[PDB]
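K.L.:
Just the structure for this:
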Amino acid sequence: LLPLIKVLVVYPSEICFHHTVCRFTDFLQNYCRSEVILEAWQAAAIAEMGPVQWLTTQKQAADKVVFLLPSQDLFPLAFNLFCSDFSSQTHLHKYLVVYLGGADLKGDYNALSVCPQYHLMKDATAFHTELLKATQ
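P.N.:
Residues are numbered from 1 along each chain as shown. Please find the structure below.
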């Protein structure tokens, strides 16, 4: 296999956050050399699997799952489905939380605090290194 990791990116669907999602995916592909699994690029698979089965399938395919938050469509669904796995010892630190850009989230997602945290772009190097560890 290639030393190439796959990252599932879960993000709030608010229009005002869209530019941040694009910037983050560009950062993942180019700066972090990651294959990206993105709702916006898998409309047909989501339609045919339904949102729940799609999230569950992609979580299993992914090496890392990133919750992308500012400072919600699939976001609350992914949180609900994945949160019990956040501290799982089988997949150590599979779930990562990244803060970038601005937007007003409605919900509460307190269990995200049990995951590794990254504030971009200050933590870009630490985040990149975390992804790279996964090619080991």
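
K.L.:
need the helices for the chain, in chain order.
P.N.:
18-26, 43-49, 51-61, 74-82, 124-133 (DSSP state H).

K.L.:
Could you identify which of those is most buried?
P.N.:
Most buried of the helices of the chain, by mean neighbour count (mean count of other C-beta atoms under 10 Å): helix 74-82, with a mean of 18. (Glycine included, C-beta is placed from N, CA and C.)

K.L.:
if we can go back for a sec, out of the helices of the chain, flag the one nearest residue 101.
P.N.:
Checking the helices of the chain against residue 101 by C-beta to C-beta gives helix 18-26 as the closest, at 3.2 Å.

K.L.:
Let me see the residues that make contact with the closest one.
P.N.:
Helix 18-26 is contacted from outside by 9, 11, 36, 38, 40, 68, 70, 98, 100-103, 120, using C-beta atoms under 8 Å, 6 or more residues apart in numbering.
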